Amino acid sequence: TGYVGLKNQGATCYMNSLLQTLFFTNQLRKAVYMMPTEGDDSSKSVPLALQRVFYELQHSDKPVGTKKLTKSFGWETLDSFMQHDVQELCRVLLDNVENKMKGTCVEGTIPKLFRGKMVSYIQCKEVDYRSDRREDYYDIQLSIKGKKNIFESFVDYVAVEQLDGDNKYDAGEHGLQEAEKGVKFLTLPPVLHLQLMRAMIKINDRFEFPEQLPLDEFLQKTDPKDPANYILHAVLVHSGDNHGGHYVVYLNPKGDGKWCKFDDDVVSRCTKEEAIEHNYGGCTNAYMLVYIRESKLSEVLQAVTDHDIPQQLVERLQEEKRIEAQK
């Protein structure tokens, strides 16, 4: 493979999976590396540790440890990983970073990759009154129960729900009213992060998902020049229950369909089938997926030299490692 794993140090559960996912979001890696940790707290600055882990992921001939990162953002209780959803952790990281990049050349990168926009609306049936509010999303949580595939999800997601009888809409000046509330995508980000709502006690129901995911039709306008076809990039996987769970991520880091299994420290080549159909579920199955828009693929997954790291940085981390000298 050439790729190196991450250490299992405690119960980070999904963290390692998420870390790889992100570390192979190449345009974000370059961006992270650029972040100025020149005068940062070596111990408690998250943005620093995300440089360290990525550095070591790109250079370590041994499996990369994460203790310092888990410290930097301070999920150090007996349940602090299993009490949170995965996008929550993503947001933690992607926040700390997106900030540190403000007033830099690399400002605006996290949203440029992971942010898309939306409209939630409420429209009265009989009377004239509409409520349209736009929001930004960085990630999307699909309902799987009763859904066989990703399509049915995105159609469930844009389902124009009805508000009648015991739950009519307080239209204010118009009083309680019958109206329909839905959602509608305006855009979708280069990087499309999806979580499948398996927590409820874990649902293990079969939920199919494609390698190629056309999304133009859930948009309101489409783009002839830029269609919204997506390339499955990673598949975050879990298997077990409230007693024994275990986390694994499958990636094809180059968008070429050459898949790899990442079981923490152990990384191996695997089949398309192992990554995809074998994680449809029906107990060991996908809980989050990552998808790059086809057009932006080459950029997002731009390759990364060792000359894309500043020396200043490079030097600090090494001293820090060397000085890791124990008796």
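A residue's number is simply how far along the shown sequence it sits, counting from 1.
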property	result
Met200 to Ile201: deposited residues without atomic coordinates	4 to 9
Extent of unmodelled deposited sequence, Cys283 relative to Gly282	4 to 9
Which of 103 to 111 and 162 to 170 has higher mean CA B factor, as the PDB entry lists it	162 to 170
Mean C-alpha temperature factor, higher of 22 to 30 and 38 to 46	38 to 46
Per the PDB entry, maximal CA B factor within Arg206, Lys221, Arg91, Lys254	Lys221
Selection by C-alpha B-factor (highest) of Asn96, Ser80, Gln212, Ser120	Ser80
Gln51, C-alpha B-factor rank within chain (lowest, middle or highest third)	middle
Third assignment of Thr66 from its chain's C-alpha B-factors	middle
Third of chain Cα B-factors occupied by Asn149	middle
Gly116 CA temperature factor, ranked by third within the chain	middle
Entry-reported Cα temperature factor of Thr12, expressed as the chain third it lands in	middle
